[PDB]
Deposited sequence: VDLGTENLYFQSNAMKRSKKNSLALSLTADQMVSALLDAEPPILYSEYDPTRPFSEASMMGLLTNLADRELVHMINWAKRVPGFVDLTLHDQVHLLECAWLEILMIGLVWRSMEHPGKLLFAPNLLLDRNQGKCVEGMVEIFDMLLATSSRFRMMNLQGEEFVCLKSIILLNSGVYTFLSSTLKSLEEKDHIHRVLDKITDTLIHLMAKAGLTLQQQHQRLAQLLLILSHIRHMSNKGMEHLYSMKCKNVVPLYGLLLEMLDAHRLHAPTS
């Protein structure tokens, strides 16, 4: 299982190379139609990316499915927060769809979710989050979020922890600073988990109220949270 035999540099390289492309987009109903049309196209690329996360294709088909059903909206949100880091006060859903906070209000219940995403963006900006850190965090979300619902997965997670620490050591942080930064980063995943659960309720609500029709892949990933 050469996943477990990767150096820190080789793990970073593999994650950088696995990264999905940035896709483009195009009332309450048109805005939701844009965002879910975007999500649904991104999900297809997320499946490819997952298969390139070292260690993921070592898992059974069932476990792969489970990890992606659990994690998909976290992974979309952490991508969105990353893209938006350099646009204080805005969410870069796509290069041609850059929404300010007040456009949140065009959709019922959406502004509170935009506020949480913008606050996470702001936190990443204040920590000066690096791209190499970001691809580790995203892989940790895939492997961690459904793992408790296994040894191979914990050993892969440990290697990604070693990789994060390697990046911080290389950047010249003291040991005390590396441990502190690793904690700050991992504690953000708790906030991402919270936003995903809120966003899943919201999506389900927009579906029920026929604000937006949901089709295919997106609908099945929503339905998995039942």
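Colleague: What are the missing stretches of the deposited sequence, listed from start to end?
Modeller: No C-alpha for residues 1-21, 48-54, 178-188, 266-271.
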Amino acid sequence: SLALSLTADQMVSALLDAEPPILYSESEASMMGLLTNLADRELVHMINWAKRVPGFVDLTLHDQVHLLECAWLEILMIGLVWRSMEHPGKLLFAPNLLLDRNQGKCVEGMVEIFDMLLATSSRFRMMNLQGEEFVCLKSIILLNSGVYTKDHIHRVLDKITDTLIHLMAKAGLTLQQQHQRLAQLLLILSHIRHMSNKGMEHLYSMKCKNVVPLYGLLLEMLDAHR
From here on, numbers count along this sequence of modelled residues.
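Colleague: Mean C-alpha B factor from the entry: is it higher for 88-96 or for 102-110?
Modeller: Between 88-96 and 102-110, it is 102-110.
Colleague: State which stretch shows the higher mean Cα B factor in the entry: 115-123 or 70-78.
Modeller: That would be 115-123.
Colleague: Taking the C-alpha B-factors as the PDB entry records them, is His152 in the lowest, middle or highest third of its chain?
Modeller: Answer is highest: the recorded C-alpha B-factor places it there.
Colleague: Divide the modelled residues of the chain into thirds by Cα B-factor and specify which third, lowest, middle or highest, holds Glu42.
Modeller: Tercile = lowest for this residue's CA B-factor.
Colleague: Which third, lowest, middle or highest, does the C-alpha temperature factor of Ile160 belong to within its own chain?
Modeller: It belongs to the lowest third of the chain when residues are ordered by C-alpha B-factor.
Colleague: In terms of the chain's CA B-factor thirds, is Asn48 lowest, middle or highest?
Modeller: According to the entry, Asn48 has a C-alpha B-factor in the chain's middle third.
Colleague: Where does the C-alpha B-factor of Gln184 rank in its chain, lowest, middle or highest third?
Modeller: Its C-alpha B-factor belongs to the lowest third of this chain's values.
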